[PDB]
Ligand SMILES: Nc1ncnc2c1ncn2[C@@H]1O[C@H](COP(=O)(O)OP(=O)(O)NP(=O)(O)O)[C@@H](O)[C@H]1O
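Form deposited without the named molecule, single chain, as structure tokens, below.
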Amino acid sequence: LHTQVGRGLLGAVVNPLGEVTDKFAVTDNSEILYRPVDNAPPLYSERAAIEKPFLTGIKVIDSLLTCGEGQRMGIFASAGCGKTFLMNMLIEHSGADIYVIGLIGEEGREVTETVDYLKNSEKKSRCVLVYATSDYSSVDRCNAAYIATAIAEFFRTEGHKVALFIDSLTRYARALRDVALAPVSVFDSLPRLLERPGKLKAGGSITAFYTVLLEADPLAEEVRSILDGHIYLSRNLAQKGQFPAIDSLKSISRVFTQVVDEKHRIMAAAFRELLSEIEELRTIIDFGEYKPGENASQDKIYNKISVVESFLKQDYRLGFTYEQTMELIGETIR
């Protein structure tokens, strides 16, 4: 009900009891304070309107699904669509002040995969990991989300630009449903948990990414109406070699037009229509109706398939600045 916070947790691996059990980085600071894991969300008068972009360094996101500082973004995918690998990119290529990762419960060794990555990450001294594994009880798996959120909330109060990762909301809901078997329902602690991120007028911001495991869950329909948008990673795009396997046409950022300017909006609108006509031509090709020289309009969209796919794909080890992204999407568009 109370947990450790502070800069002394940077580089530490904390378990569902709030105790540091491992370290992926050692830092000068030893600041350790104590705050409750349950605290009230900011009143509407304390939240600032989302108006500044949270750049991720990922071309498809920053151009067509631009995030904002304080936004809550869902990541919907069926295992395995590289949802952990996209989060690694989001940590590695963004420019947040502090990253807080909460792994809700797994078998066990996947947690070590993340601590092994963090041990070799360039963001090691700006990261805190909270975990809960399948051995831990359903109450402990729930507390992992609140500890990760409370740790992120302290850094926001200090004025930091914080990025929070909860993986996953799916398995949090599993444990949360298990707790319900044991005015207030257990079930409705889910929306209160996701209401805490945001940019505060008197402090920093918490940009939160929640993962949802798919195989069209009822929970997916519940959470997608709560968040400020969602990123959909298509099974099919993954098997055809497109990484990140993000389907831009079924993903949205509801703060998109508040966080990008007008020439960006125009280029994104022109690119979305190009993508839609590309997908519409694919089905014509599979139907065996496409013949070169038949339709000059179809021929032009066909000759842009390669330039569009090259813009969409991205090496997981490479990040792009916003200027580079808008420069590349313009060459794809004209």
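Residue indices: 1-based, along the sequence shown.
Although it is not shown, the form deposited with the named molecule bound is what the next lines describe.
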On the criterion of a non-hydrogen atom at 4.5 angstroms or closer, are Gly8, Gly11 and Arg126 all touching the named molecule in the deposited bound form? no
Considering non-hydrogen atoms and a 4.5 Å limit, does the named molecule approach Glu110 in the deposited bound form? yes
Evaluate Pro191 for contact with the named molecule in the deposited bound form, applying a 4.5 angstroms cut-off between non-hydrogen atoms, and reply yes or no. no
Looking at the partner-bound form in the deposited bound form, is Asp315 within 4.5 Å of the named molecule by any heavy atom? yes
Taking heavy atoms and a 4.5 Å cut-off, does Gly82 contact the named molecule in the deposited bound form? yes
Listed residue (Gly105, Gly102, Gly198, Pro244) with a non-hydrogen atom within 4.5 angstroms of the named molecule in the deposited bound form: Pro244
May I ask you to choose, among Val260, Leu118, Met89, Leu176, the residue with a heavy atom within 4.5 Å of the named molecule in the deposited bound form? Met89
Where does the named molecule sit in the deposited bound form: which of 252-260, 136-144, 73-81, 218-226, heavy atoms within 4.5 Å? 73-81
